[PDB]
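Engineer: Below are the structure tokens for one structure; questions will follow.
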Amino acid sequence: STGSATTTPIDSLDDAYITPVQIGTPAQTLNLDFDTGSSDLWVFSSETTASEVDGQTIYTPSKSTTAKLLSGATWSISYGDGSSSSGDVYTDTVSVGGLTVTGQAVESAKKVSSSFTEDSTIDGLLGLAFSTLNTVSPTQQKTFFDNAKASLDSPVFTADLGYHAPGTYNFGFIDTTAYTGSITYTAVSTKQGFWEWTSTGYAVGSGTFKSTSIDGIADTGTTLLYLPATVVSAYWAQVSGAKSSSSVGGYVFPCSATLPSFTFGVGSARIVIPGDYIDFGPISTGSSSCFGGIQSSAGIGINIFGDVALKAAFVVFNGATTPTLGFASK
């Protein structure tokens, strides 16, 4: 089997991407944030505290003939940005882009933190990291990808995120028309539950490539590119007027600037992030100070290849017995 679904930016900055997901019978379509940095599929629901729901589409298990309460199971998650959610669990039929899993754990939110409430466009998350990170207790549950894997033509999914445009998540096949040149594959460590790999270095604009190992995670659920302070300082030093602002919470730059590209290494191959991808616009409405899309990972504890990086590539998440990651230009 295979599946293919379009993923759409939630706003003009590509802050996140939503992908329609069918849950239950008859189908209830919710727009979920596919997150390769976590492993819970959770949704706004009829059980979510009413004051914490503001415009989202909810899953109502009582209206699904295939929903079954997973008795005794609860979940609770906190994300790298400080947001959180928790609730109980149903199993139900879940389909993405034509690919159907029966008995998928659908985690129903009883509580969500303010950042989720305030984002009306995201109805939940669909985790695509390794199932070892799943928070369901007392019986850990598998991700949608893990459940689908054996039925897939090939045990892979791919992320093809757009810059200010829709893109695609495919399951079970590699669309050879979706990228240019070749796909370069690189080793993955699953020891932390993430799609963790080591970039071979970087360049800033037309500058020379610096060969240096950068361990980090491929995370579709993080907006920006978070790299070591040395790398990030080298980037922003090429932008006149750029500075790290403690008050704003990262590097800012004059909105009048033209940003240089940023290149990262994948083995001997190179992925170029155009300068425009690194512009996240005014810090506040009407400001002439703009927020940078490359930020320091210092104090996160891990480097994160988020959407800013991933959207510059066609990315293969290879879930073979020994997982690997593939990157191609596009």
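Engineer: Alpha carbon centre of the range 121-142 versus the range 217-253: separation in Å?
Structural biologist: 29
Engineer: Please give every one of the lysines within straight-line cross-link reach of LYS110, meaning a C-alpha to C-alpha distance under 20 Å, and leave out same-chain neighbours fewer than 8 residues apart.
Structural biologist: Counting by Cα, and skipping residues close in sequence, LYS110 has these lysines nearby: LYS63, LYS68.
Engineer: Taking the beta-carbon count within 10 Å as an exposure proxy, list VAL232, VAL21 from fewest neighbours to most.
Structural biologist: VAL232, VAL21
Engineer: Let me ask another. Which of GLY319, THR177, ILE273 sits farthest toward the positive end of the charge dipole of the range 175-330, with +1 on the Cβ of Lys and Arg and -1 on the Cβ of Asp and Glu?
Structural biologist: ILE273
Engineer: Compute the Cα gyration tensor for the range 99-168, then decide on rounded, prolate or oblate, letting a ≥ b ≥ c be the square roots of its eigenvalues: rounded whenever a/c is under 1.5, prolate when a/b is larger than b/c in the other cases, and oblate in all that remain.
Structural biologist: oblate
Engineer: Run the dipole for the range 5-174 about the Cα centre, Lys and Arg Cβ at +1, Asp and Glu Cβ at -1, nothing else charged, and hand back the magnitude in debye, nearest 20.
Structural biologist: Numbers: 6 positive and 19 negative charges, 139 e Å.
Dipole magnitude for the range 5-174 comes out near 660 debye.
Engineer: Okay, next question. Using the Karplus equation 6.51 cos²θ - 1.76 cosθ + 1.60 (θ = phi - 60°), what ³J(HN,Hα) coupling, rounded to whole Hz, does each residue of the range 175-184 give in order, writing x for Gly and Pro?
Structural biologist: Once rounded to whole Hz, the list reads 7, 6, 8, 8, 9, 10, x, 10, 8, 9.
Engineer: Evaluate the Kirkwood expression for the hydrodynamic radius of the chain, namely the inverse of the mean inverse distance over all pairs of different C-alpha atoms, and round to one decimal in Å.
Structural biologist: On the way: mean 1/r = 0.0493 Å⁻¹.
Evaluated on the chain, it is 20.3 Å.
Engineer: Still on this model: With +1 on each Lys and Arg Cβ and -1 on each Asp and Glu Cβ, and nothing else charged, work out how big the dipole of the chain is about its Cα centre, in Debye to the nearest 20.
Structural biologist: The dipole of the chain has a size of about 640 debye.
Engineer: What number, rounded to the nearest 500 deg cm²/dmol, is the helix-based mean residue ellipticity at 222 nm of the chain, given -39500 (n - 2.57) per DSSP H run of at least four residues and division by all its residues?
Structural biologist: After summing the helix terms and dividing by the residues of the chain, the value is -1500 deg cm²/dmol.
Every read-out reported here was derived from the displayed coordinates using simple, explicitly stated rules and does not represent laboratory data. A quick note on method: Cβ atoms are made from the backbone with ideal geometry, for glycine too, and the neighbour counts reach across all protein chains shown.
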